[PDB]
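Below, in structure tokens: the form deposited in one PDB entry, a single chain.
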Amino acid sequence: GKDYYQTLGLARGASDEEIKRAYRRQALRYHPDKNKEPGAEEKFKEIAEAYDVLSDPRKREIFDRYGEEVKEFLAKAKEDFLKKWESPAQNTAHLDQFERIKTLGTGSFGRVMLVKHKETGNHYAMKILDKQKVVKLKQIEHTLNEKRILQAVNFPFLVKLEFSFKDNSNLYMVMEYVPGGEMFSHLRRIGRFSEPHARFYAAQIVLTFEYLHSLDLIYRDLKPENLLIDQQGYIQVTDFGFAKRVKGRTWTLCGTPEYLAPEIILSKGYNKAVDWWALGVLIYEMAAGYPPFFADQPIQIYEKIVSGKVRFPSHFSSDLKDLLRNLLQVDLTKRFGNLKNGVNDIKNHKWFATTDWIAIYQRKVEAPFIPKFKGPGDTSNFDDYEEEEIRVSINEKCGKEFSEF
């Protein structure tokens, strides 16, 4: 994801002399003894790298083909999403096929239980939603989106929705079970992650948001509570409860207080930039051990967010602070992720200079942290929750509201 042509200010079909002339022009501009502004040095190097590729016919051809490969990969990803989105899977299991073992986690809307498939012995994580509660909390459209979207996406860091079904009382979403627990509990116990450790997680979220956004999807509930650690130490994003397909802007006030972008708080029509703001909060909390805006009452949290005055621990690197100033940018029109160069302003930021983006995508990087275990059903990486009886009424509830589920 480097834009060599744009770096030199060129069109894709530029000639060799145009490439030479553009490199020379751009070079003079950032030359170390005629430009001593911050990061001019880093641009002087980027212009040289772009020239070395484009000025060599073999390497330029490789780069041009790679641009075509990426476009074709995106076309297949859009195809796969649209086919699944336009004709959603339904009714792919039912309740008494699963032995319910233990509650793994709860949220504002649902209960997630470790279950075991009676026939195969395989373990899964089943999210249970009470239809009447969903209606009361005004989450009908959100819950319909959640299921429809999660089973239509496919990415290495997105949890898989394996089965779904419904009965008189409840909605059920049966996911792959991610056994290493929430990032949240590890982060709180450990205190904070070192910058390379935080960067490892951050890079997975960057690729995941690049993927979702390329399908016109926004996620809207990034937080360590919704991030699970798998057996290889990689991230699995769960909780698509606020995921939505948006071309243009959307208007719902939703999210989790510490992670709300300012434009959501100010009731503005907002877009994919809110996900990039949330990434700033996540990276800050991962590396500091506490979020950039906190207070006892969410009203006071919201007042801090929209001022967006932010202070950094003195142990934060200069590159980390610079990245965070650009992600935690209160003006969405200036926020990294939302500029002309899109996700590349982030991927090519200095703080990510050591990140091998293709190796992260391929899961070839050794994780900084591997969760401990003691068996295929061990749950000790999760807190304990009070257990509650799953009751199914003899009368169907909210039949019309959830017809498409």
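For the two forms, the rigid core is made up of the largest set of C-alpha atoms that agree within 1.5 Å on superposition. Numbering starts at 1 and runs along the sequence shown.
Just so you know, the form deposited in another entry exists too; it's not on screen, but the next bit is about it.
Worksheet entry | Identity of the moved residue from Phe200, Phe155, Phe81, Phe109, C-alpha shift 2 angstroms or more, core fit between this form and the one not shown | Only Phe109 moves by 2 Å or more at its C-alpha.
Fill in: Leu217: Cα shift of 2 Å or greater between this form and the one not shown (core-aligned)
Shift at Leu217: below 2 Å after core fit.
Worksheet item: Taking the rigid core as reference, does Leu129 move its C-alpha 2 Å or further between this form and the one not shown?
Response: It does, since the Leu129 C-alpha is displaced 2 Å or more between this form and the one not shown after the core fit.
Item to complete: Classify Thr92 as shifted (yes) or not shifted (no) between this form and the one not shown, where shifted means its C-alpha moves by 2 Å or more with the rigid core superposed.
Response: For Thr92, whose C-alpha is compared between this form and the one not shown after core superposition, the shift is 2 Å or more.
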